[PDB]
């Protein structure tokens, strides 16, 4: 797989901002606050959130699109793992993952 270029990085930033602007992105903007989920960091092995992704994109952490997609997928899979399926959080992960898959298809 090819490395990310500076042009690819403009696309990553675009996709990240589209997610951050979505009405269902509210649970994911910042790292989970342990005061909202006291055992979260003992249960979730690899926490992730959109702010952490934004720091990584700004620092050109990702070498390949697969690593960016893996981090995004952690956001959604962690939320569905920690929360019950009837929670507003679980719903937000399902809607925002579908939106991310629509945007990702753009990269080809």
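For the two forms, the rigid core is made up of the largest set of C-alpha atoms that agree within 1.5 Å on superposition. Positions refer to the first chain, counted from 1.
Of the two segments 57 to 65 and 36 to 44, the one whose CA positions lie farther from the displayed form in 6 other deposited structures of this protein, once all are superposed on the rigid core, is 36 to 44. Root-mean-square C-alpha deviation from the shown form, taken over all structures in 6 other deposited structures of this protein superposed by the rigid core, is larger for 99 to 107 than for the alternative among 4 to 12 and 99 to 107. Averaged over Cα atoms, the B-factor as recorded in the entry is higher for 33 to 41 than for the other of 33 to 41 and 46 to 54. Taking the mean C-alpha B-factor of each stretch as recorded, 98 to 106 and 3 to 11 are not equal, and the higher mean is that of 3 to 11. Ranked by C-alpha B-factor against the other modelled residues of its chain, residue 73 falls in the middle third.
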